[PDB]
Chemist: 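Quick one: this structure, given as structure tokens, is what I'll be asking you about.
Because only heavy atoms are used, hydrogens play no part in the values below, and waters and symmetry mates are left out as well, while side chains stay in. Start at 1 and go down the list; that is how both ligands and their atoms are numbered. Here, residue 1 is the first one in the sequence, and each next residue gets the next number.
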Amino acid sequence: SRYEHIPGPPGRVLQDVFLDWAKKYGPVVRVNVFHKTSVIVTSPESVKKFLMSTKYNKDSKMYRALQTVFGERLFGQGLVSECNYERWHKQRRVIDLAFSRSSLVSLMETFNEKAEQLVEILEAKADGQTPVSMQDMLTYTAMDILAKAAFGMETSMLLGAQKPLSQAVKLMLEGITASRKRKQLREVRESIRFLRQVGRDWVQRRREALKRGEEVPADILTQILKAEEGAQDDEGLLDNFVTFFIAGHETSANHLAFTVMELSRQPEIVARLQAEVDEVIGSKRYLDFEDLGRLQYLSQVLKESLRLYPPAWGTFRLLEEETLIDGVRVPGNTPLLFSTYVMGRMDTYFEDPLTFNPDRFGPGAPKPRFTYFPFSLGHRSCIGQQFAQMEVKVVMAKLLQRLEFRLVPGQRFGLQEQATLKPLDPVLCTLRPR
Ligand code: HEM
Ligand SMILES: O=C(NC1CC1)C1CCN(c2cnccc2-c2ccccc2)CC1
């Protein structure tokens, strides 16, 4: 009854249903999500008001499935899932040092070496006939980049190593999904314990290295440790280990996979991207940091890919006091749902919204004003945004330099939702050298 007055109903995902309801019922609509009543707010005025203010905190009820799954602590109170402002702010300020401009410039060697490894593996299969899962190959690349860049760890998933780790990540993502019988419970719980035990093993290795006075370059793990200096126990440390182990590869992989999928049906845009990489980097194996800013059309293509295919569709804020939102009375203690997926597909905000058009992000084009937020906005925006944008530009630039991709017929463009949105199909392609 407390929500009955709010407007609403009486390879598809629930976000497509929400899109249909926002179009039909307007900027404030009641929905059921993760078995709670929520209100989806899709005006840009609401996005600005609620996301650009430290007055509005995340609604912790809507993060339970990242905190704990089936009674196993997962991300716990790490940086994504901590919804207390002061507890979040303390860790954010310490971990931010690992995402400074100087920190990220130092990661270009890791980005280049893993991108070069992927392209060499793909070139050996570029016979126009062997089907390759670009979803799988881009996930292995993203995991290898993250493990090296964040932790100084070589996972070598691109060599076929760490299969139990790859399986554990897959079942943990299925667990998040199922949360929000007997064998699936056992497999999910053991996978979460395995990921935390990877953290314990790697933190002990880092501590022993530091004790023996071995050289350890400052990385994300350095700052994760710094945030816990004088903690009562290692459970905060492991919460952020697992948070960054998962967060630092999965959305990047999703975004790469979506971009390759969509580009397979955009031959003219691919010819333009191939030309731009030819003009900017030439034959050079290695992209320098200053080359990234020169790949302007690729930047636009990746922004348009996130408009239609945001791996992280949005966020929630807790409305504490009854508030009028776009002419609608919204009760206190309500989860407000913000969706860049829904707003990206509304003709109100984007003309011909299903058309893939990188020129929407061109230099003279008007910037979306609070209608586009694939890294969210405000104080709780993605800490990894610049990390992600650099690594994906390096991977995509190296693929475009060296290879041609054709999507295998029968492969779909639809979505699935696990913890994030990702292609329904494996993005199975045949390849040829340029
Ligand atoms: C294309 C890639 C990526 C996308 C689309 C993405 C998207 C997002 C979004 C929408 C949020 C806000 C989530 C919320 O409000 O609940 C977020 C937060 C976060 N992301 Fe990402 N992300 C990406 C890459 C990364 C990477 C590479 C890392 C780490 C290296 C990372 C770590 C995080 C963390 C730790 C947070 C929580 C930040 C905070 O609240 O202070 N993300 N991301
Ligand atoms: O569960 C979430 N929000 C709850 C309201 C429902 C999102 C929180 C932000 N997440 C990320 C953000 N940056 C990078 C990666 C992830 C990521 C990917 C895989 C698994 C976990 C997290 C995406 C999920």
Chemist: May I ask you to establish whether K58 and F50 are in a cation-pi arrangement, using a distance under 6.0 Å from NZ or CZ to the six-membered ring centre and at most 45° from the ring axis?
Modeler: no

Chemist: Verify whether one side chain among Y63 and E82 offers a donor that lies under 3.5 Å from an acceptor in the other.
Modeler: no

Chemist: Surrounding CD of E320 (heavy atoms of other residues, nucleotides or ligands, distance under 6.0 Å), is the total greater than 12?
Modeler: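 Open: at most 12 neighbouring heavy atoms sit under 6.0 Å from CD of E320.
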
Chemist: Got the closest protein heavy atom to atom 15 (O) of ligand 1, with its distance?
Modeler: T315 OG1, 2.7 Å

Chemist: Please list the nearest protein heavy atom to atom 30 (C) of ligand 1 with its residue and the distance rounded to 0.1 Å.
Modeler: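 Result for atom 30 (C) of ligand 1: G248 CA, 3.7 Å.
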
Chemist: Are there more than 12 heavy atoms of other residues, nucleotides or ligands under 6.0 Å from atom CZ of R73?
Modeler: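 Enclosed.
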
Chemist: For ligand 1, find out whether one of its N or O atoms is nearer than 3.5 Å to an N or O atom of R380.
Modeler: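 Yes; the residue has a nitrogen or oxygen that sits under 3.5 Å from a nitrogen or oxygen of the ligand.
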
Chemist: Evaluate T243 for polar contact with ligand 1, using N/O atom pairs at a separation under 3.5 Å.
Modeler: no

Chemist: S381 heavy atoms, cut-off 4.0 Å: which ligand 1 atoms fall inside?
Modeler: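 By the 4.0 Å cutoff, the relevant atoms are 38 (C).
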
Chemist: Centre of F413's six-membered ring, under 6.0 Å away, within 45 degrees of the axis: is that where NZ or CZ of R265 sits?
Modeler: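 Because its charged atom sits under 6.0 Å from the ring centre and within 45° of the axis, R265 does stack over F413.
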
Chemist: Looking only at protein heavy atoms, which one is nearest to atom 16 (O) of ligand 1, and how far off is it?
Modeler: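 The closest heavy atom on the protein side is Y63 OH, 2.7 Å.
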
Chemist: Tell me, please, which residues at least two apart from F244 pass ring-ring contact (aromatic ring centres under 6.0 Å, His included).
Modeler: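 So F244 forms no ring-ring contact (aromatic ring centres under 6.0 Å, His included) with any residue.
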
Chemist: Any donor-acceptor pair under 3.5 Å linking the side chain of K398 with the backbone of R285?
Modeler: yes

Chemist: I'd like to check which ligand 1 atoms, numbered from 1 as shown, lie under 4.0 Å from a non-hydrogen atom of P374.
Modeler: 5 (C), 7 (C), 10 (C)

Chemist: Could you pull out the N/O/S protein atoms under 2.8 Å of atom 21 (Fe) of ligand 1, ignoring any water?
Modeler: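 Only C382 SG fall inside 2.8 Å of atom 21 (Fe) of ligand 1.
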
Chemist: Within 45° of the six-membered ring axis of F373 and under 6.0 Å from that ring's centre, is NZ or CZ of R307 located there?
Modeler: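 Not satisfied by the 6.0 Å and 45° rule.
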
Chemist: Which heavy-atom pair separates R412 from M261 by the least distance, and what is that distance?
Modeler: O-SD, 4.0 Å

Chemist: Are there more than 12 heavy atoms of other residues, nucleotides or ligands under 6.0 Å from atom CZ of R101?
Modeler: no

Chemist: Look at the side chain of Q385 and the backbone N and O of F375, then say whether any donor-acceptor pair between them is shorter than 3.5 Å.
Modeler: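 Looks like no, no N/O pair under 3.5 Å.
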
Chemist: Give a yes or no on whether the backbone of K367 and the side-chain of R360 come within a donor-acceptor separation of less than 3.5 Å.
Modeler: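 No: the side chain of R360 does not pair with the backbone of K367.
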
Chemist: Provide the number and element of each atom of ligand 1 under 4.0 Å from a heavy atom of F387.
Modeler: 27 (C)

Chemist: Counting from 1, what ligand 1 atoms have a heavy atom of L79 closer than 4.0 Å?
Modeler: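 Reading through ligand 1 atom by atom, the close ones are 35 (C), 39 (C), 40 (O), 41 (O).
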
Chemist: Taking only heavy atoms of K58, which atoms of ligand 1 are found under 4.0 Å from at least one of them?
Modeler: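 Here the atoms of ligand 1 in question are 14 (C), 15 (O), 16 (O).
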
Chemist: What orientation do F241 and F245 show, parallel under 30°, tilted 30 to 60°, or perpendicular over 60°?
Modeler: parallel

Chemist: Compute the ring centroids of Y372 and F361, then answer whether they are less than 6.0 Å apart.
Modeler: yes

Chemist: Any idea which residues sit under 4.0 Å from ligand 2, heavy-atom distances?
Modeler: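 Close residues (ligand 2, cut-off 4.0 Å): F34, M62, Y63, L66, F75, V80, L173, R180, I246, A247, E250, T251, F316, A419, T420.
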
Chemist: For ligand 1, is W88 a contact, meaning one of its heavy atoms is under 4.0 Å away?
Modeler: yes

Chemist: Show me the pairs that pass side chain to side chain donor-acceptor pair (under 3.5 Å) and involve residues 37-56, at least two apart or across chains.
Modeler: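 The answer is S43-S46, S43-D326, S46-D326.
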
